[PDB]
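A quick write-up on the structure given underneath.
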Protein chains: 2
Amino acid sequence: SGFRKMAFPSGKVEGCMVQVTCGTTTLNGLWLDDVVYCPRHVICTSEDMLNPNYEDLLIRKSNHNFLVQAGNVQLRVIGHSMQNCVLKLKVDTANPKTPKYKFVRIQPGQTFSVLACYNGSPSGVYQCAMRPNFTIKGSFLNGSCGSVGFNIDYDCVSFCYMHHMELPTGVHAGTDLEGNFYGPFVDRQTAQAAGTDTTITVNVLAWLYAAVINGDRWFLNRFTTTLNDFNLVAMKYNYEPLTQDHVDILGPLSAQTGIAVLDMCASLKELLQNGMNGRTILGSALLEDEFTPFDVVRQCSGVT
Amino acid sequence: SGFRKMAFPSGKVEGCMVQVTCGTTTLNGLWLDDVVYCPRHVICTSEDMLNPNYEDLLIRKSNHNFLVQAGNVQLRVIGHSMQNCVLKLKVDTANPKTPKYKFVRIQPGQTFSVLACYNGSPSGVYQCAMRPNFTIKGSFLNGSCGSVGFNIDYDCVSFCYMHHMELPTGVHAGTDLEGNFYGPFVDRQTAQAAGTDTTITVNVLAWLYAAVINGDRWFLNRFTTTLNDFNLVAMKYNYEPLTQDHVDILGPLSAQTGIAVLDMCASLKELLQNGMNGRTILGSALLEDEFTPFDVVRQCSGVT
Ligand SMILES: O=C(NCCc1ccncc1)NC1CCCCC1
Ligand SMILES: O=C(NCCc1ccncc1)NC1CCCCC1
């Protein structure tokens, strides 16, 4: 009972965090096997950062200009390469704490945990979603670059995010672990505007099911709707369209609560049209969209 | 930039979690040095649970009736004792992953991280506060008993909470690591009502400072107030009274923002009197009270 914004336990990722120094820039790296992953902008002098040519800047850099410190022990760099916007530093020592892992590129609406780090050391963990405009609304200060986002499935860490950038609007931009930015952003100190931050409709539905499972039912109404009618309303309210793929993924929550997905859609529709009237659902005065259907099933069934 | 509900990294506590079985009841234990801490109700048959005499039930229990499994390796129990509502199982092996630690009893309004565990295995981490009625609003299913709440200061884990009980209202009750319940609750299957869940005023103020630091300023007004006038309003709105001790602890946030504590009090007063008018602060449509002043300073200054 109770429904909390919950992060994956951070221990497996804590054991991968190192400090990368190049010149006067220190940020965080991810040490997996004998490779340290970090943002390539580690090589920039924030005067470079205005219009960097990373290939050209990298010519001036050797293995020994990359300082990699794990705990307070130095790793020997025996190779370096650039993959998109990340540097891969080959070290002479495989991380003895390497978990089973994958690199996954997630879709907008997918949630993950961030281990916020400074100087290769963890400060905190929180739950995030990839916004539909491919930003995340994180908590990141100077020195946090290289901090990673991840999901855990039993023993396997899926790394989905590395932190690169703060947009001038104070939202956050970064890469998958192959160094490809989510969204159109570039690792450059240039004004870059984010698109519309729409609500992740499928996630709101999942969280309305979590609320029903936990006893919060006041918002359940006598209406149903169709996919097309609901989507007209979603559009008007800057909600992502709902697809049959979203309806399918919600099946187990529909199943447990006996509330048809389109019925829950008609309940959400009325919440958009009438607002909450000063009421709360699961202790929130607005509709939470950073729980996936998978996250609700996980938390509601006690998965480890 | 950005302000997130943030938990301490969970790795140091993950390495302490074990599974305790007694009879047919399995829950979680905390293994620190050569001692495993768990809720004493592990020895109850939920028929015992109606009116248990723990001393009497413990007479029927030997070292070998307590099954303690760490990973999938069994610990040999060489002693057991009861301290208030917890059992202390002496094992023959000191936990090699024991962090530096303390047991602390926290006050209502203090925040901590919970590592929710099932069968000695972590499922997730979230941030909590000890409510002023000495409940916490957690996320806990059957098998979660023994899950702990904690704070970290650099390398030292302060354990403040062990999970014992779900009240019939779906809020949560438990002990410090000396086995003393927060609040008046007893480890018994008997209807136990929680008192008024008032808002932690000092924490709301800290989070209003965090909002100002992060650019959310719309709620700042032209008024100030006094401690006595503010407290009249707090009382009317089921907010905890504000003391000079709360004002003192807020000093650094006052200092950075140049907003006198009593000025921020007058801003909160107007938010209580006028509500948010459909506006948000730090992405919330209500006033968050699960950030302490210490938590705001920590997150806003990047402490590891
Ligand atoms: O340097 C910065 N932001 C750029 C650094 C950064 C990088 C990735 N994520 C978040 C932040 N802010 C400073 C802090 C102190 C006050 C004046 C602005
Ligand atoms: O057994 C229970 N609660 C008691 C167990 C418990 C203990 C500590 N925290 C939280 C929960 N609920 C069951 C679950 C399945 C549906 C019917 C009620």
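Chain identifiers are assigned alphabetically (A, B, ...) following the order of the sequence lines, protein sequences preceding nucleic acid strands; residue numbering begins at 1 within each chain.
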Would you find more than 12 non-hydrogen atoms of other residues, nucleotides or ligands less than 6.0 Å from A:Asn53 atom CG?
yes
Spacing of CD1 belonging to A:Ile106 relative to SG belonging to A:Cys160, to within rounding of 0.5 Å
4.0 Å
Could you tell me whether the side chain of B:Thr98 and the main chain of B:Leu32 form a donor-acceptor pair under 3.5 Å?
no
Side chains of residues 149-159 of chain B: which donor-acceptor partners sit under 3.5 Å, not counting sequence neighbours?
| unit_1 | atom_1 | unit_2 | atom_2 | d |
| --- | --- | --- | --- | --- |
| B:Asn151 | ND2 | B:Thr111 | O | 3.1 |
| B:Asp155 | OD2 | B:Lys100 | NZ | 2.9 |

Heavy-atom neighbours of A:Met235 CE exceed 12 at 6.0 Å:
no
Donor-acceptor pair, A:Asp48 side chain versus A:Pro52 backbone, under 3.5 Å?
no
I'd like to know if the side chain of A:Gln74 and the backbone of A:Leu67 have a donor-acceptor N/O pair within less than 3.5 Å.
no
Do you know which two heavy atoms are closest between A:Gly146 and A:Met162, and how far apart they sit?
O-CE, 3.5 Å
Of the options A:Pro39, A:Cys117, A:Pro122, which is the one that meets A:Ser147 in a side-chain contact (heavy atoms from CB on, under 4.5 Å)?
A:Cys117
Under a 4.5 Å cut-off applied to non-hydrogen side-chain atoms, are B:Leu286 and B:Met276 in contact?
no
For a quick test of reading the model, state the closest non-hydrogen atom pair linking B:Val261 to B:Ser254 and the distance between them.
N-OG, 3.8 Å
A:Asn95 side chain vs A:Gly15 backbone, donor-acceptor pair below 3.5 Å:
yes
Considering residues, nucleotides and ligands other than B:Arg217, do more than 12 of their heavy atoms fall under 6.0 Å from its CZ?
yes
A:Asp289-A:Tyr239 side chain donor-acceptor pair, cut-off 3.5 Å:
no
Please confirm whether the backbone N or O of A:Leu141 pairs with a side-chain atom of A:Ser144, one donor and one acceptor, at under 3.5 Å?
yes
Inter-residue atom distance B:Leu271.CG - B:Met264.CE, 0.5 Å rounding:
9.5 Å
side-chain contact (heavy atoms from CB on, under 4.5 Å) between B:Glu288 and B:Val204: does it pass, once the steps are laid out?
CA-CA 6 Å; B:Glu288 298 290 321; B:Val204 173; over 6 Å; no
Would you find a donor on one side and an acceptor on the other, under 3.5 Å apart, between the side chain of A:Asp34 and the backbone of A:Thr93?
no
Just to verify, which of A:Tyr161, A:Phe140, A:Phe134 counts as forming a ring-ring contact (aromatic ring centres under 6.0 Å, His included) with A:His172?
A:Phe140
Whether A:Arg40 side chain and A:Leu87 backbone form a donor-acceptor pair below 3.5 Å
no
What is the minimum heavy-atom distance between A:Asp197 and A:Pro132, and which atoms define it?
OD1-CD, 3.7 Å
Rounded at 0.5 Å granularity, tell me how far CG in A:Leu115 sits from SG in A:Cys16.
9.5 Å
Step through the shown structure and confirm whether more than 12 heavy atoms of other residues, nucleotides or ligands are within 6.0 Å of CD on A:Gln244.
yes
Set of ring-ring contact (aromatic ring centres under 6.0 Å, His included) partners for B:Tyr118, sequence neighbours left out:
none
If you take all heavy atoms of A:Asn28 and A:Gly143, which pair is closest and at what distance?
ND2-O, 3.0 Å
Any side-chain heavy-atom pair from A:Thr199 and A:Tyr237 closer than 4.5 angstrom?
no
Stepwise side-chain contact (heavy atoms from CB on, under 4.5 Å) check, B:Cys300 with B:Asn214:
CA-CA 9 Å; B:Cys300 283; B:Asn214 285 279; 4.2 Å; yes
Which heavy atom of A:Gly170 sits nearest a heavy atom of B:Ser1, and at what distance?
CA-OG, 4.0 Å
Step by step, would you call A:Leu272 with A:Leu287 a side-chain contact (heavy atoms from CB on, under 4.5 Å)?
CA-CA 9 Å; A:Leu272 303 182; A:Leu287 310 170; 3.7 Å; yes
Rounded distance (nearest 0.5 Å) linking atom NZ of A:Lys137 with atom SG of A:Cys128:
10.0 Å
Got a sec: does the CD of A:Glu166 have more than 12 other heavy atoms crowding it under 6.0 Å?
yes
Would you sort out whether A:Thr26 and A:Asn119 count as a side-chain contact (heavy atoms from CB on, under 4.5 Å), showing the intermediate values?
CA-CA 7 Å; A:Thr26 295; A:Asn119 298 108; 3.6 Å; yes
Between CD of B:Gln256 and CD1 of B:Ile213, what distance do you get to the nearest 0.5 Å?
6.0 Å
May I ask you to decide if B:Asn221's main-chain N or O and B:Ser267's side chain share a donor-acceptor pair within less than 3.5 Å?
yes
Which residue pairs pass the ring pair (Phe, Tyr, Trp, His ring centres under 6.0 Å) test when at least one of the two sits in residues 173-203 of chain A, sequence neighbours left out?
A:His164-A:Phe181
Does A:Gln127 offer a backbone N or O that forms a donor-acceptor pair with the side chain of B:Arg4 under 3.5 Å?
yes
If you measure from CZ on A:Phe103 to CG on A:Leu30, what distance do you get to the nearest 0.5 Å?
6.5 Å
Any side-chain heavy-atom pair of A:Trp31 and A:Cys38 under 4.5 Å
no
Does a donor on one side chain and an acceptor on the other come within less than 3.5 Å for A:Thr304 and B:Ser123?
no
Could you tell me whether A:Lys88 and A:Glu178 make a salt bridge, using a distance below 4.0 angstrom between a side-chain N and a carboxylate O?
no
Would you indicate whether the side-chain heavy atoms of A:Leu177 and A:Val86 approach each other to under 4.5 Å?
no
Which heavy-atom pair separates B:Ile259 from B:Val212 by the least distance, and what is that distance?
CD1-CG1, 3.7 Å
A:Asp295/A:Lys5 ion pair, N-O < 4.0 Å
no
Check whether more than 12 heavy atoms from other residues, nucleotides or ligands sit under 6.0 Å from atom CZ of A:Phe294, and answer yes or no.
no
Apply ring-ring contact (aromatic ring centres under 6.0 Å, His included) to A:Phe3 and list each qualifying residue two or more places apart in sequence or on a separate chain.
A:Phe291
By the side-chain hydrogen bond (donor to acceptor under 3.5 Å, both in side chains) test, which pairs, at least two apart or in different chains, include something from residues 201-210 of chain A?
none
Say whether, by atom type as modelled, one donor and one acceptor occur between the side chain of A:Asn133 and the main chain of A:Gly195 under 3.5 angstrom.
yes
Side chain to side chain, A:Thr25 and A:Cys44, heavy atoms closer than 4.5 Å
no
Among pairs that include at least one residue of residues 58-70 of chain A, which meet side-chain hydrogen bond (donor to acceptor under 3.5 Å, both in side chains), considering only residues two or more places apart or in two chains?
A:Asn63-A:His80
pair A:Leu242-A:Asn231: side-chain heavy atoms closer than 4.5 Å:
yes
